[PDB]
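One chain follows as structure tokens, the form deposited in one PDB entry.
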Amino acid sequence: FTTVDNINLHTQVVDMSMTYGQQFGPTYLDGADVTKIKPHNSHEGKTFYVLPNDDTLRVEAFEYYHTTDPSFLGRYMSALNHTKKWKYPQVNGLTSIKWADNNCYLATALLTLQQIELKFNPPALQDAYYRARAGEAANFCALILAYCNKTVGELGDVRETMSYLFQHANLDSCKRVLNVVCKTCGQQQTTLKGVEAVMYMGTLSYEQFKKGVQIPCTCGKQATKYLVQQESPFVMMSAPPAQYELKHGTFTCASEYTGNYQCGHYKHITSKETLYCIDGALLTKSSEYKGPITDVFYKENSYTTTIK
């Protein structure tokens, strides 16, 4: 049969005698590009993916992936063909990835997602992610790449990745309320719902954000932003990478990034019965940790401030 999602099969195949070179639009047996080949006896009955190019396919594809972008399922299949060949060790019970093709950012992403409460909207993500959590994460990875519109081998940012991915989860009952106090301009409160309710960029410390954090006011001058209320299952605090101390028990996990713009390397840190650094397939444990951190994730429930 022919498919776009592998749940819905259309045996509009030529199963017993084709032999015009895969005149089915682009085709893909098990994620290998087979567009330009005539069929090999032992094919009849296996399932080939094809690009959604009639009204009926474009629907099922949209319902499954939650985009209609045509190049999507191409870029997906492209990436799958590589990520199928990466290895996915469990480390301390989490699915990670053996380094290949600058995949460090994807490893870190993957590791964080297994540690954070999300529900993805597109069935494809929900599906893929279950498999990932279970150890076989080639699809999940291929999808993530297609969704962020990056190709295997191209360098990636973990914050940018999560950001895209959160576009596709159910965060709508997530709420953040901020107050900005200016000496001359007085106060100014702000409510954020959805993705922007869970992400801050400028400080790593959640404590510091509750205590208050100096920012330039819109008049130019000296103000304090603080978190008045938070309702979400986690928060993600980010900044440009800087030497930072992670203390046990006080965050859930974090991504560090050492290197520079052209060459660098992400590792994942997670606070358990000790601090575990997971660096693709590698694992080390220490009681201290200081290092160039870029993103920290905290478990949240509901928080309200007590600042008068």
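Rigid core: the largest C-alpha set superposing within 1.5 Å between the two forms. Heads up: residue numbers just count along the shown sequence, starting at 1.
Set 53-61 against 66-74 and average the Cα temperature factors; 53-61 ends up higher. The PDB entry records a higher mean C-alpha B factor for 179-187 than for its counterpart among 121-129 and 179-187. Highest CA B-factor among 255, 271, 260, 41, as stated in the entry: 41. As recorded in the entry, 31 carries the highest CA temperature factor of 240, 280, 31, 264. The entry lists a Cα temperature factor for residue 92 that places it in the lowest third of the chain's modelled residues.
When the modelled residues of the chain are ordered by C-alpha B-factor, residue 115 sits in the lowest third. When all modelled residues of the chain are sorted by CA temperature factor, residue 172 is found within the highest third. In the PDB entry, a CA B factor belonging to the highest third of its chain's modelled residues is recorded for residue 219.
In the PDB entry, residue 288 places in the middle third of its chain by CA B-factor.
This protein has a second form, the form deposited in another entry, left out of what is shown; the following refers to that one.
For the listed set 182, 199, 177, 100, the sole C-alpha moving 2 Å or more between the shown form and the other one on a rigid core superposition is that of 182.
Relative to the superposed core, residue 218 undergoes a Cα shift of 2 Å or more between the shown form and the other one.
Relative to the superposed core, residue 39 undergoes a Cα shift of 2 Å or more between the shown form and the other one. Once you line up the core between the shown form and the other one, the Cα of residue 23 ends up 2 Å or more from where it was. CA of residue 143 to CA of residue 21: closer by 3 Å or more in the other entry than in the shown form.
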